[PDB]
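A.B. asks: Here's my sequence, what's the structure:
(one chain, ligands or ions: 1)
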Amino acid sequence: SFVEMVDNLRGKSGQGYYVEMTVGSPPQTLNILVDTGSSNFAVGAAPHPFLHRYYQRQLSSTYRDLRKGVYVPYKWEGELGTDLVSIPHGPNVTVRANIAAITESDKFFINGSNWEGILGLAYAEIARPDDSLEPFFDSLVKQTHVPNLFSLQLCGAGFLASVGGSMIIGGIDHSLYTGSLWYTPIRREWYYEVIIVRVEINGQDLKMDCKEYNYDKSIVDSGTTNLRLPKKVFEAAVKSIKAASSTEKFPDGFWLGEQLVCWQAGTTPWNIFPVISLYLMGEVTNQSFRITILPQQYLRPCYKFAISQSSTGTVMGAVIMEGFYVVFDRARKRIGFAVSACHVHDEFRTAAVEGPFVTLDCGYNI
Ligand SMILES: CN1C(=O)[C@@](c2ccc(OC(F)(F)F)cc2)(c2ccc(F)c(-c3cncnc3)c2)N=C1N
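C.D. replies: Numbering: from 1, shown residues only. Sharing the structure here:
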């Protein structure tokens, strides 16, 4: 039942959401980052200054060595193998999954994040060292009767700050959202790639060729904190946001996501910052639906501007997902969005999912 899966995610603001998992026999308990932006099950497997726990292969009676190393600059190095894996507050099953045992790394783990590994939930095409290394979720579906679908409700903090959420594996929990679920097609099965057809700041269209929004791609990534936008789109966005909040301005170190901005105890002028609407391509070619996010989402806790520039396409990260219940419907190659039961909002504005909006070529081919 999904009830036992509710609130199975925890984390620190800006450091990602993790789920408890066990690996090996007897079960070794570890906290694992839920990451829709990668496809490896990679776990710390050797002492590290930021790790308080790590996977000890020699303690597992069920560990099997694949006699194959892996080098991943992007960095971390490790040895490939397989072992039994379970999610205590997920489905009641045990699967034999590939595991990359990380023996050395640089700038990979985060101090105080309280996770020791990453659960890459994306597709095999982007798995390291290649696509023959079956990702965890693929193993899970193939080995069990679990439906090929999972959903994420990231809730952030609300009033480093602690965050919480739910990962529901194998179905949709209706208690986690209100209103309608709107679906955007998964363009290609590598990252969770989608297509943005329009974006507006306070109802004002940025008026860009929609290819700009997906240059060179747009992905949904729980493993990225910020909403990351292509250079040209980012500049247009900041300008519009700056203008809307012109009433008393801020340092540019803030707009660059460097410096923080501070008011005190519920004096934050949310109403000065505009809402941002991302229109996603619908299941019907000429249709779209918009997800609308509040300053409560893109200003993350004093606050930091959680929108930043990208040279690798648009990334709809945690701060975007935190407004919504997000359904990764792998079985039907689509991603669903609905207003989250947990999202933060004031008494004048709320996050929204609304459609359809019809138009009269937005993908950046590959
Ligand atoms: C964008 N991104 C990362 O850089 C990564 C990552 C990079 C390379 C990987 O190994 C490969 F390449 F083999 F897949 C696997 C995953 C990542 C790595 C470490 C992190 F602390 C975070 C992170 C940091 N703060 C908040 N939340 C997540 C993200 N996860 C995502 N989505």
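
A.B. asks: gap between the two ends of stretch 170-177?
C.D. replies: 16 Å (CA to CA, to the nearest Å).

A.B. asks: now swap in stretch 296-314 and tell me
C.D. replies: End-to-end distance (CA to CA), stretch 296-314: 20 Å.

A.B. asks: So residue 187 is in contact with residue 363, correct?
C.D. replies: Yes: taking CB atoms under 8 Å as the definition, residue 187 is a contact partner of residue 363 at 6.3 Å. C-beta here means a position set from N, CA and C on the backbone, and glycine is covered the same way.

A.B. asks: Could you name every residue contacting both of these two?
C.D. replies: Common contacts of residue 187 and residue 363 (CB atoms under 8 Å, 6 or more residues apart in numbering): residue 195.

A.B. asks: These two: which is more packed in?
C.D. replies: Neighbours per residue (other CB atoms under 10 Å) separate residue 187 from residue 363, with residue 187 holding more: 21 against 18.

A.B. asks: Look at that one and give its secondary structure.
C.D. replies: The three-state assignment at residue 187 reads coil, by DSSP: H, G, I helix; E, B strand; the rest coil.

A.B. asks: Which secondary structure element is home to the residue in the stretch 1-150 of the chain that the ligand sits nearest to?
C.D. replies: Proximity of the stretch 1-150 of the chain to the ligand (CB to the nearest ligand atom) peaks at residue 37, 2.6 Å away. Assessed by DSSP states H and E, residue 37 sits outside every helix and strand.

A.B. asks: any idea how far the ligand is from the nearest residue in space to it that is not next to it in sequence?
C.D. replies: Sequence neighbours aside, residue 221 is the residue nearest to residue 37 in space, at 3.4 Å (criterion: CB to CB, 6 or more residues apart in numbering). Computed as CB to the nearest ligand atom, to the nearest Å, the residue 221 to the ligand distance reads 5 Å.

A.B. asks: What is the neighbour count of residue 221?
C.D. replies: 23.

A.B. asks: ditto for residue 325
C.D. replies: Residue 325, neighbours per other CB under 10 Å, totals 30.

A.B. asks: Quick check: closest non-adjacent residue to it.
C.D. replies: residue 177 (3.7 Å).

A.B. asks: Residue 298 too?
C.D. replies: residue 306 (5.0 Å).

A.B. asks: just checking, the one you found touches residue 257?
C.D. replies: Yes: shown here, residue 306 and residue 257 form a contact pair, counting by CB under 8 Å, at 7.1 Å.

A.B. asks: Now the common contact residues for the two.
C.D. replies: The contact lists of residue 306 and residue 257 share residue 226, where a contact means CB under 8 Å, 6+ apart.

A.B. asks: Neighbour count for these two, which is higher?
C.D. replies: Neighbour count, other CB under 10 Å: between residue 306 and residue 257, residue 306 has more, with 23 against 16.

A.B. asks: How about residue 218: which residues does it bridge to?
C.D. replies: residue 194, residue 314 (DSSP bridges).

A.B. asks: That one and the ligand: what is the separation?
C.D. replies: Distance from residue 218 to the ligand, by CB to the nearest ligand atom: 14 Å.

A.B. asks: Can you give me the neighbour number for that residue?
C.D. replies: Residue 218, neighbours per other CB under 10 Å, totals 30.

A.B. asks: oh, and call the first residue 566 from now on, that's how I've got it
C.D. replies: That works, and once the first residue is 566, the last one we named lands at residue 783.

A.B. asks: mind listing what it touches?
C.D. replies: With CB under 8 Å, 6+ apart, residue 783 has these contacts: 758-761, 878-881.

A.B. asks: switch the cut-off to 10 Å
C.D. replies: Neighbour list for residue 783: 749, 752, 756-761, 793-795, 843, 845-846, 875, 878-881, 927-929 [criterion: CB atoms under 10 Å, 6 or more residues apart in numbering].

A.B. asks: who's in contact with the residue of the stretch 666-815 of the chain found nearest the ligand?
C.D. replies: Nearest residue of the stretch 666-815 of the chain to the ligand (CB to the nearest ligand atom) works out as residue 788 at 2.5 Å. Residues in contact with residue 788 (CB under 10 Å, 6+ apart) are 581-582, 598-603, 683-687, 880, 882-883.

A.B. asks: could you flag which of those residues are buried?
C.D. replies: Buried subset of those (neighbour count, 16 or more other CB atoms under 10 Å): 581-582, 598-603, 683-687, 880, 882-883.

A.B. asks: mind listing the helices for the stretch 566-715 of the chain?
C.D. replies: 701-708 (DSSP state H, counting those that start in this stretch).

A.B. asks: any idea how far the nearest residue to residue 847 once chain neighbours are set aside is from the ligand?
C.D. replies: Among residues not flanking residue 847 along the chain, residue 853 sits closest, at 5.3 Å (CB to CB, 6+ apart). Going from residue 853 to the ligand by CB to the nearest ligand atom gives 25 Å.

A.B. asks: Looks like residue 853 contacts residue 747 (just checking).
C.D. replies: Yes: counting by CB atoms under 10 Å, residue 853 touches residue 747, with 9.2 Å between them.

A.B. asks: which residues do these two both contact?
C.D. replies: Joint contacts of residue 853 and residue 747 (CB under 10 Å, 6+ apart) are 845, 847, 920-921.

A.B. asks: Might one say that residue 597 is in contact with residue 683?
C.D. replies: Yes: applying CB under 10 Å, one finds residue 597 in contact with residue 683, separated by 6.5 Å.

A.B. asks: Show me which residues of the chain are close to the ligand?
C.D. replies: 580-581, 598, 600, 602-603, 605, 637, 639, 673, 675, 683, 685, 693, 786, 788-790 (CB under 6 Å from any ligand atom).
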